[PDB]
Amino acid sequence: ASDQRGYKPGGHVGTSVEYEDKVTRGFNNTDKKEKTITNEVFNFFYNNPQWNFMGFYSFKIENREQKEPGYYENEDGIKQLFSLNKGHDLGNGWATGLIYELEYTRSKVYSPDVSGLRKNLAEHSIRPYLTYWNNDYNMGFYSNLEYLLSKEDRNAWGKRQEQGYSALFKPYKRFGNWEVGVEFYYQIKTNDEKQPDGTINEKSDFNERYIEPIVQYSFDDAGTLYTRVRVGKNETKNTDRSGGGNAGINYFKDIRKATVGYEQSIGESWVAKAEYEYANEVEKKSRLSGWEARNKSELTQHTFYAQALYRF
C-alpha cells in the first residue's frame, strides 16, 4: 500500500507538503544524509455512497538529495496515485469491500556514476477488507488482506520486482471523545533484482511485523488530536544466488516509530492537518563481508506533513 499520509482505511480537493530528514549511521561508521521534499500539488477524492464506491487521484512532485562520504545522489520524479474502493454492506454492523491502488512514479537520478538515469516504478495493491462495529460496547475492528506487486525499470541499472502478501488487523473502541486501537500487521514478500545482463543483484525473502497502538481524542468544538506508536521487526534473507556479496546473508531490522498529529476543520468546508513522525531503525547482518567498521546500521528519521483540503 502507498505510504501517503492523507487518508487511512461528495468529495474533496486537496494539496499537501511532506519533508523527510534522514540520517543513516551505517556499517562503515559514517553518516549518509537524505532530504526529501514531496509536493502534492493536487489530489481529488470522489465519494458516491449511492454506489457505495470511492475514487482517489493524486499528483506529487518529489525531490530527494542524498550525500555521504565519497558519494551523492539526486533524484527528481513525479508520483501519481489512483485508488478505487467499492464497498459492500453485509448488515448488522458488518461490511466488506475491495480496494485497488496503483502508484506510478517516473524519476531521474544524478550521481557520480550516472547523469540522468530514468527510473519507472509501478506499484499495484489489491486489498479486500472486512470491517465490523458494535454500538452497545462501542467496539469493532478493521481487517484486510493485500496482494502487492511492485515493478521497477531502472534502465542501465536493470529491473526489480517485489511480490507479496500482507494481513492487517485493527481492533478499536470508543469512550468519551477517545478512540484507542491497536494495528497488527504482517507481510511476506519476495525480491528479484537483476542487471540488464540477467546478472543477479538480489534474490531474497522478506517478512515484516509490527504492532501499532493508536490513541485519538476528538475535541467537542475543535479538531482531533492523535498519536500512533509502532514497534516492528523485519528480516531480509538472501538466497545463495544473490549478488553484491550478499549471497546467503540475512538482514535483521528493529523498527520504532512515533507519530503525533492534529486535524481540524476550518469553517464548514476546509480541513487542515499537520503530523510529525520520528522513526528509528536498527539493522544488523548475519555475516560481514569484511569492509565494515561495525555490524550495525542505524537510521534516524524525522518527517513533517501538512495538508489542507476542501470538502464538497
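Residue indices: 1-based, along the sequence shown. In this text, the rigid core denotes the largest set of C-alpha atoms whose superposition between the two forms falls within 1.5 Å.
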- Compare 116-124 with 213-221 and report which one shows the larger root mean square C-alpha deviation from this form in 4 other deposited structures of this protein once the rigid core is superposed. 213-221
- Task: Report the stretch with the higher root mean square CA deviation, pooled over structures and residues in 4 other deposited structures of this protein, choosing between 88-96 and 132-140 after a rigid core fit.
- Result: 132-140
- Looking only at C-alpha temperature factors in the entry, 270-278 or 47-55, the higher average sits in 47-55
- For the higher mean C-alpha B factor in the entry, choose 69-77 or 82-90. 82-90
- Largest Cα B-factor, entry values, listed residues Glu162, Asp240, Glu212, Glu123: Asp240
- Options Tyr110, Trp133, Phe169, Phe206 - largest CA temperature factor per the record: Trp133
- Item | Third of the chain, ranked by Cα B-factor, where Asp153 sits | middle
- Binned into thirds over the chain's modelled residues, the C-alpha B-factor of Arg127 lands in the middle
- Message: Based on the deposited C-alpha B factors for this chain, I'd like to know if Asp21 is in the lowest, middle or highest third.
- Response: lowest
- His12: CA B-factor among chain residues, third -> middle
- Message: Which third, lowest, middle or highest, does the C-alpha temperature factor of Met139 belong to within its own chain?
- Response: highest
